[PDB]
Amino acid sequence: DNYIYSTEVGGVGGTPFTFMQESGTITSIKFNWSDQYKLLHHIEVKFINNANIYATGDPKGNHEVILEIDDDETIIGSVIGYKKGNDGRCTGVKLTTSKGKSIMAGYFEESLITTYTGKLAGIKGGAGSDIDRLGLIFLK
Amino acid sequence: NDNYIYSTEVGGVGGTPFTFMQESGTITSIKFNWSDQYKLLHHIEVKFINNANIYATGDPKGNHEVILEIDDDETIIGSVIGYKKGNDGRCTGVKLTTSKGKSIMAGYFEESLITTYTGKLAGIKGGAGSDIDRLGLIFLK
Amino acid sequence: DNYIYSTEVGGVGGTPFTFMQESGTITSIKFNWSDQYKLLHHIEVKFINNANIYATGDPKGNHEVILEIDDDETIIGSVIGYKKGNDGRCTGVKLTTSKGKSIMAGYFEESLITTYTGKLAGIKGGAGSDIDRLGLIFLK
Amino acid sequence: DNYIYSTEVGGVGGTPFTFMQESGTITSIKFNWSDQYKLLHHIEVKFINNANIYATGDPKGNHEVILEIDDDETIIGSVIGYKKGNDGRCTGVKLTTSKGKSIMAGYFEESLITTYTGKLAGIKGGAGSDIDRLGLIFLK
Amino acid sequence: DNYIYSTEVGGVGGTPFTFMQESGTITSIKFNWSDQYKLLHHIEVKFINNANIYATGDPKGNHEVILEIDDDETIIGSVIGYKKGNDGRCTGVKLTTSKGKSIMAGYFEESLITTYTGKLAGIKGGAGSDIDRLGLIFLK
Amino acid sequence: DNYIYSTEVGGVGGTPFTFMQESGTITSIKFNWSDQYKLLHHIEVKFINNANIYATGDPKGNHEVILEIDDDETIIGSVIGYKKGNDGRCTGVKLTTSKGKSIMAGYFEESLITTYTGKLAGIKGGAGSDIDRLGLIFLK
Amino acid sequence: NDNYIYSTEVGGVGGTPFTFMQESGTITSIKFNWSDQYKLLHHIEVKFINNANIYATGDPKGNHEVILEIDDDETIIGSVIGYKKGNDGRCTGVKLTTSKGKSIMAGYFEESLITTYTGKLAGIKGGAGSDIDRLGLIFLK
Ligand SMILES: OC[C@H]1O[C@H](O[C@@H]2[C@@H](O[C@@H]3[C@@H](O[C@H]4[C@@H](O)[C@H](O)[C@@H](CO)O[C@@H]4O)O[C@H](CO)[C@@H](O)[C@@H]3O)O[C@H](CO)[C@@H](O)[C@@H]2O)[C@@H](O)[C@@H](O)[C@@H]1O
Ligand SMILES: OC[C@H]1O[C@H](O[C@@H]2[C@@H](O[C@@H]3[C@@H](O[C@H]4[C@@H](O)[C@H](O)[C@@H](CO)O[C@@H]4O)O[C@H](CO)[C@@H](O)[C@@H]3O)O[C@H](CO)[C@@H](O)[C@@H]2O)[C@@H](O)[C@@H](O)[C@@H]1O
Ligand SMILES: OC[C@H]1O[C@H](O[C@@H]2[C@@H](O[C@@H]3[C@@H](O[C@H]4[C@@H](O)[C@H](O)[C@@H](CO)O[C@@H]4O)O[C@H](CO)[C@@H](O)[C@@H]3O)O[C@H](CO)[C@@H](O)[C@@H]2O)[C@@H](O)[C@@H](O)[C@@H]1O
Ligand SMILES: OC[C@H]1O[C@H](O[C@@H]2[C@@H](O[C@@H]3[C@@H](O[C@H]4[C@@H](O)[C@H](O)[C@@H](CO)O[C@@H]4O)O[C@H](CO)[C@@H](O)[C@@H]3O)O[C@H](CO)[C@@H](O)[C@@H]2O)[C@@H](O)[C@@H](O)[C@@H]1O
Ligand SMILES: OC[C@H]1O[C@H](O[C@@H]2[C@@H](O[C@@H]3[C@@H](O[C@H]4[C@@H](O)[C@H](O)[C@@H](CO)O[C@@H]4O)O[C@H](CO)[C@@H](O)[C@@H]3O)O[C@H](CO)[C@@H](O)[C@@H]2O)[C@@H](O)[C@@H](O)[C@@H]1O
Ligand SMILES: OC[C@H]1O[C@H](O[C@@H]2[C@@H](O[C@H]3[C@@H](O)[C@H](O)[C@@H](CO)O[C@@H]3O)O[C@H](CO)[C@@H](O)[C@@H]2O)[C@@H](O)[C@@H](O)[C@@H]1O
Ligand SMILES: OC[C@H]1O[C@H](O[C@@H]2[C@@H](O[C@H]3[C@@H](O)[C@H](O)[C@@H](CO)O[C@@H]3O)O[C@H](CO)[C@@H](O)[C@@H]2O)[C@@H](O)[C@@H](O)[C@@H]1O
């Protein structure tokens with residue numbers, strides 16, 4: 001494609017999602033998580049030139065974080081926390097941008113991926129009550 | 001919209017809506033009032049370049065205030081708003097860092113956070129009553 | 001004007017002062033404060049090409065600090081501590097210059113202003129036994 | 001050659017492996033380890049333009065970490081923790097990249113190697129239930 | 001003049017001194033102080049191309065510090081500690097140079113001046129048993 | 001020579017060694033040490049274009065560290081810990097390279113040398129059960 | 001004098017005078033010995049470039065030593081000597097920092113200090129017996 005697909009980490013459960021838009025990049029991303037379950041539960045994404053909110057999961061966590069991304073702003077550091085195996089889950093995400101902005105959502109107590117970097121174009125994975133699995137998508 | 005970038009308004013749906021914005025103008029001063037009692041922002045005042053008027057919203061009942069004065073060439077390079085999410089949400093805190101290494105920290109960051117768009121601060125929008133129900137920043141494009 | 005007026009922070013009390021000189025900038029500023037009251041009590045300013053000391057307040061504090069400012073030296077960082085409201089006071093001042101000089105006077109327990117920056121031209125406010133309120137004045 | 005072979009550290013046990021691809025570099029590396037044994041147990045590698053997973057060891061650890069490596073991204077810092085001698089094992093790996101990405105797997109309580117640096121081309125060693133020994137391979 | 005006169009800080013007591021030499025700058029300065037009185041007691045200065053030691057005060061303190069200054073070396077940071085008022089004294093001096101050298105003499109428990117900076121040309125003040133008052137002198 | 005010989009630090013005991021190779025530099029160095037004796041016991045060196053391991057001492061320590069050195073990589077900081085006198089020993093070595101790699105072996109509770117720096121060409125000293133004395137050798 | 005800068009000799013008037021200097025030579029190595037018992041320097045050794053001789057003064061009775069090796073192009077950019085002042089004075093400590101980021105710290109800094117001239121270290125001068133009574137550094141002009 002014109003795209004780099006980072007590994008989807010977590011389990012095989014939930015309903016698949018792919019959030020990507022032709023000629024579009026992510027302008028906003030929101031992560032919801034709980035202290036009760038130490039999991040991500042819900043993600044929302046907006047793309048440039050598109051008022052629609054693309055949402056997956058169940059927003060039942062007691063915390064959320066939003067990162068807004070300027071048009072020229074890239075991801076220079078990216079860590080996803082997860083529980084591995086078929087019954088796995090995403091537990092946490094840390095993003096750092098080319099403008100020194102960062103967010104930290106959830107927990108990093110089991111497994112980690114340090115992903116590919118670049119301009120964040122989309123996300124892919126599976127979600128039900130929780131985020132079962134998450135992979136980032138970048139421009140080439 | 002072709003001149004402005006609207007950061008997400010974070011917090012609840014309550015209070016009276018406000019938009020503090022002036023044509024050809026940017027914010028020269030912003031004041032945040034907050035309480036240790038409620039751990040909320042209660043009151044915001046803004047001045048714009050070439051305008052002696054003070055634009056105020058909320059109830060200045062907090063025991064703390066912070067003022068940031070912004071030089072004409074000074075931009076926001078880092079911006080975090082703390083809030084309680086949901087319909088009955090509130091803004092709890094704001095942290096701003098400028099291109100000249102100035103910063104302010106008001107209030108509390110214990111629940112939800114937004115790391116916003118950056119640039120030249122043109123205005124603010126949201127809702128306020130006794131508290132700041134919700135706050136969104138506005139930047140020049 | 002030729003001048004930028006920073007917000008006067010503190011209360012409405014004391015006797016007004018405005019210390020400014022045409023074609024002049026502050027060459028020296030002195031702050032007097034007490035541990036007993038945790039307030040500024042007295043300020044003195046000198047201007048270039050002027051031997052006069054312009055003083056306001058009551059110099060009853062147990063501490064003073066002086067900053068001398070070279071002709072080409074600007075203020076790049078300025079924080080004033082104060083108690084807000086009609087019965088407010090200035091409690092503290094921190095200044096940092098373009099030559100890496102700094103001073104710290106008094107206390108920062110309640111409210112703070114981070115002011116405009118530039119060439120320090122004057123001060124304005126009110127003073128009696130204490131510094132009720134203080135605003136810095138810069139060259140435009 | 002076109003390759004720099006870092007010292008294989010650990011013991012003489014397990015089944016030998018050499019994972020390298022001519023005109024290929026590692027795009028992804030995964031380390032599995034346990035708190036129970038404080039050892040690495042399993043490694044997987046993928047090469048650019050190749051969906052096949054090269055795996056060695058037994059993935060029985062309770063933790064894994066993945067590092068994804070951009071095509072232009074090199075290793076600038078590399079530490080392997082191991083137990084020395086014939087009955088040795090690899091206990092840990094830390095990698096830092098030219099883009100400021102890092103991973104840390106396992107434990108560093110006995111012996112350490114700080115390896116050669118450069119573009120990670122492959123791995124070599126021996127593995128059974130555990131990673132007995134590991135050496136990194138770089139482009140010249 | 002060719003000179004910048006920093007404020008003399010401390011009291012009105014002791015015998016006046018001015019140490020300056022035409023076309024000359026300070027090559028060496030020594031400060032003597034006591035733990036008993038927490039005051040400066042004695043200062044000695046040497047100038048380039050001049051073997052004479054210029055001394056004032058009474059060298060009765062239990063500590064001394066010497067700063068030697070290279071011909072091209074300027075003062076980039078200067079703080080004098082003092083007790084304010086007519087019966088004041090100098091308690092301390094801190095100097096930092098353009099070559100990253102620094103000295104710290106005495107105590108800074110009451111009042112402070114952050115002085116003008118530049119090439120140290122001389123000193124002026126009053127001294128008896130102690131240093132009553134001190135001002136630095138720089139080239140323009 | 002073409003060589004700078006750092007001071008051999010430690011005692012006069014053990015069997016002398018000199019590890020150098022014409023037109024060669026050290027590509028790998030290993031230090032073995034014990035918590036029991038808080039001494040270095042054994043050193044191994046490899047040179048570029050030479051598969052031979054040059055070893056001295058007795059590898060009886062419970063720890064080892066290896067530093068691999070890229071062909072263009074120099075030592076920018078070097079500290080050797082030792083026990084002084086005729087019955088002295090080397091207790092520790094810390095090396096930092098031009099690529100930001102470092103190793104720390106053993107203990108620094110007694111004496112220290114901060115050595116010459118540059119391209120590490122060889123080592124010289126004496127060794128028996130312990131490393132009695134160690135000196136580094138650099139290119140001019 | 002047309003080739004050398006003499007830093008002040010600090011400490012007392014006691015011990016046997018020494019001057020360690022070699023024409024067209026600079027210090028390639030310097031060793032300081034000191035004690036926790038007396039909190040003094042006791043012994044100094046110096047080597048010069050192109051000279052296998054060790055120049056030593058004092059009594060090496062301290063429980064600590066440090067050595068600084070100096071590359072031919074390496075200068076001193078920071079230098080502090082700790083001492084006890086007066087006729088019966090002593091050197092208690094030395095701290096050196098080089099143009100290549102090397103440093104040593106020997107002994108104690110509890111009484112008096114000199115921050116010296118900087119440059120290429122050519123030699124040392126002073127007095128020594130059981131202790132280092134006094135020490136002055138010598139630099140190339
Ligand atoms: O901006 C927020 C709302 O402001 C207006 O509504 C006001 C709001 O004020 C209450 C009030 O709560 C009191 C206690 O009942 C409460 O338990 C305690 C919190 O521990 O705080 C007070 O003692 O004030 C708090 C703190 O400022 C407010 O956060 C809280 O919402 O609601 C009151 C109840 O309806 C109302 O009387 C006030 O006028 C209003 O503009 C609304 O639309 C805003 O959302
Ligand atoms: O600039 C500040 C004001 O100065 C003038 O008023 C002065 C003000 O001084 C008081 C005084 O407080 C002390 C006692 O007076 C007080 O009763 C006590 C207990 O409440 O606390 C202190 O001991 O001094 C302090 C320290 O200077 C001041 O902070 C405090 O405001 O009030 C005095 C008596 O009412 C008055 O005599 C003083 O002259 C005046 O210019 C006023 O306008 C200014 O705001
Ligand atoms: O990679 C290492 C070796 O793997 C293969 O052999 C395996 C090896 O496994 C043992 C085993 O030890 C467990 C118990 O068997 C042991 O008695 C107990 C004592 O404290 O500790 C463990 O519970 O598993 C551990 C954990 O992985 C290993 O560290 C340990 O080596 O040995 C087994 C029998 O001796 C063998 O059956 C296993 O397959 C083999 O390929 C060998 O060459 C490798 O070195
Ligand atoms: O003859 C000595 C100097 O006289 C003039 O200086 C005066 C001199 O007075 C000192 C002073 O000493 C006391 C304290 O002030 C001092 O701080 C303390 C510790 O040093 O020790 C004494 O207690 O004052 C007493 C007065 O009681 C005098 O007897 C004594 O000579 O020193 C003062 C501090 O520098 C100074 O202020 C005085 O003017 C001066 O003219 C000088 O030439 C003489 O050497
Ligand atoms: O052979 C005599 C030495 O003479 C010259 O040096 C004298 C010498 O005096 C010391 C000194 O020792 C005590 C303390 O002063 C010392 O600091 C401490 C730790 O070293 O140990 C002793 O307590 O004085 C004693 C007697 O009071 C002498 O016996 C002893 O030798 O060393 C002094 C310090 O350097 C020096 O100032 C003296 O001039 C010198 O020629 C030396 O080589 C001789 O050994
Ligand atoms: O994404 C998680 C899962 O959601 C759906 O299964 C749900 C699951 O909920 C469990 C538990 O797995 C979850 O962590 C906690 C907190 O969110 O809730 C429940 O404890 O399983 C329960 C019961 O089996 C279901 O009620 C619930 O739907 C489903 O879409 C699945 O595919 C997905 O993996
Ligand atoms: O390199 C040290 C020493 O080695 C040889 O002497 C050995 C030495 O062992 C002692 C003690 O020196 C050492 O710290 C520990 C740990 O290695 O072991 C022993 O307690 O001294 C013993 C005497 O008992 C020797 O037999 C032993 O071989 C020798 O090559 C010597 O020259 C060298 O300094």
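In what follows, chains carry the letters A, B, and so on, assigned in the order in which the sequence lines appear, proteins first and then strands, with residues in each chain numbered from 1.
- Looking at D:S111, its side chain does come within 3.5 Å of a backbone N or O of F:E64 through a donor-acceptor pair.
- Salt bridge annotation for D:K84-D:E110: absent, with no cationic side-chain nitrogen under 4.0 angstrom from a carboxylate oxygen.
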Next item on the list: For the pair F:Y107 and F:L39, evaluate side chain to side chain contact (heavy atoms under 4.5 Å, CB included) and give the outcome as yes or no after the intermediate values.
Entry: CA-CA 7 Å; F:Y107 289 84; F:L39 300 183; over 6 Å; no

Margin query: As a quick check of understanding, evaluate side chain to side chain contact (heavy atoms under 4.5 Å, CB included) for G:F48 and G:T26, giving each step before the final call.
Written below: CA-CA 5 Å; G:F48 299 88; G:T26 59; over 6 Å; no

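- The side chain to side chain contact (heavy atoms under 4.5 Å, CB included) test with D:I29 is passed by exactly one of D:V45, D:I66, D:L136, D:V65: D:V45.
- Side-chain contact between F:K124 and F:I137 is present, with at least one heavy-atom pair separated by less than 4.5 Å.
- Without hydrogens or angle criteria, G:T115 side chain to E:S102 main chain gives a donor-acceptor distance under 3.5 Å.
- In this structure, D:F19 and D:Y54 have perpendicular ring planes: the angle between them is above 60°, well past the 30° mark.
- If you check the side chains of F:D58 and F:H41, you find no donor sitting under 3.5 Å from an acceptor.
- Shown here is D:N50, whose CG atom has more than 12 heavy atoms of other residues, nucleotides or ligands within 6.0 Å.
- The minimum heavy-atom distance linking D:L139 with D:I4 is given by the pair O-CD1, 4.0 Å.
- Atoms CG and OG, on F:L134 and F:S6 in that order, are 8.5 Å from each other to the nearest 0.5 Å.
- Within the 4.5 Å cutoff, side-chain heavy atoms of D:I131 are placed close to those of D:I43.
- Rounded to the nearest 0.5 Å, atoms CG (F:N52) and NZ (F:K46) are 9.0 Å apart.
- Residues G:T118 and G:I76 approach most closely at CB-O, 3.3 Å, considering heavy atoms.
- Contact record, G:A122 with G:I27: O-CG1, 3.8 Å, taken as the closest heavy-atom pair.
- Within a 6.0 Å radius of NZ in A:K101, more than 12 heavy atoms belonging to other residues, nucleotides or ligands are found.
- No side-chain donor-acceptor contact under 3.5 Å links F:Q36 and F:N62.
- Side-chain atoms of D:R133 never come within 3.5 Å of backbone atoms of D:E8 as a donor-acceptor pair (strictly under, hydrogens ignored).
- One distance of note links CD1 of D:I123 with OH of D:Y5; it measures 13.5 Å at 0.5 Å rounding.
- Taking the charged nitrogens against the carboxylate oxygens, G:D73 and G:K100 do have a contact shorter than 4.0 Å, which makes a salt bridge.
- Of all heavy-atom pairs between F:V93 and F:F108, the closest is N-CZ, 3.5 Å.
- Listed here is the closest heavy atom pair of F:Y3 and F:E22: OH-CA, 4.2 Å.
- For the residue pair D:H63/D:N32, the side-chain donor-acceptor check at 3.5 Å is not satisfied.
- Counting only distance, with no hydrogens or angles, the side chain of F:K60 and the backbone of F:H42 share no donor-acceptor pair below 3.5 Å.
- To the nearest 0.5 Å, atoms CD1 (D:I48) and OG (D:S23) are separated by 8.5 Å.
- Between the CH2 atom of D:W33 and the CE atom of D:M104 there is a distance of 9.5 Å, given to the nearest 0.5 Å.
- Other residues, nucleotides and ligands contribute more than 12 heavy atoms inside 6.0 Å of the NZ atom of D:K119.
- Neither side chain, D:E73 nor D:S98, offers a donor N or O lying under 3.5 Å from an acceptor on the other.
- When atom types are taken as modelled, the side chain of D:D130 and the backbone of D:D132 share no donor-acceptor pair closer than 3.5 angstrom.
- Between D:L95 and D:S78, the closest heavy-atom pair is CD2-OG, 3.5 Å.
- With hydrogens and angles left out, the side-chain atoms of F:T27 and D:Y116 include a donor and acceptor closer than 3.5 Å.
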Notebook entry, point to check: Could you walk me through whether D:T97 and D:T74 pass the side chain to side chain contact (heavy atoms under 4.5 Å, CB included) check?
Noted result: CA-CA 6 Å; D:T97 78; D:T74 65; over 6 Å; no

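- Remark: the D:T7 side chain and the F:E68 side chain contain an N/O donor-acceptor pair separated by less than 3.5 Å.
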Note to self: Using the rule given for side chain to side chain contact (heavy atoms under 4.5 Å, CB included), can you reason through D:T15 versus D:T56, listing the C-alpha separation, both sets of side-chain angles and the distance that settles it, and then say yes or no?
What the structure shows: CA-CA 9 Å; D:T15 297; D:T56 190; over 6 Å; no

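- In this structure, G:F139 and G:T116 have side chains that are in contact, with non-hydrogen atoms separated by less than 4.5 Å.
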